[PDB]
């Protein structure tokens, strides 16, 4: 195939190979989707080609045959990681917004990127469970409490807090714009995004 260095010439304007994955992780309703969109607008506004993977374009498409059992969440996250690696390798900034509950799966995603020489930035989107449940963006928390959903992350299945993420976004203690700026700063420090 054509090399990353050639792809760096034609992907976008700025030149340079800037493929990587921004990997958002955290509780349902903690803010992954919001941050991923606002990051995406920042990136396009600054002429860095990017793409957002989330449940909307993954879960009822590539992964529509997956549910929420531990084996299925692990396949979900495995397939996502492989596809993300393909977008990073194509030279885009790939932003993922899956709860991705289990440390093991996140570290496997990272390993698949590192083996391929692609930067992987794990971003802990950290809000308290009670705050996520009070946001109840989609009404899942109220259904899970009522027993209509089981295996629901945060209530009757575990979220394993990232021990060593590249950034922690405290979404109950700061604005969307501050959270984005924290990630952008990281991409600046890694020459992915111009100052």
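Residue numbers count along the first chain shown, from 1.
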Legend entry - Third of the chain, ranked by Cα B-factor, where residue 182 sits: middle
Legend entry - Record-listed C-alpha B factor of residue 144: chain third: highest
Legend entry - Third assignment of residue 164 from its chain's C-alpha B-factors: highest
Legend entry - Entry-reported Cα temperature factor of residue 67, expressed as the chain third it lands in: highest
Legend entry - Relative C-alpha B-factor of residue 151, binned into the chain's lowest, middle or highest third: highest
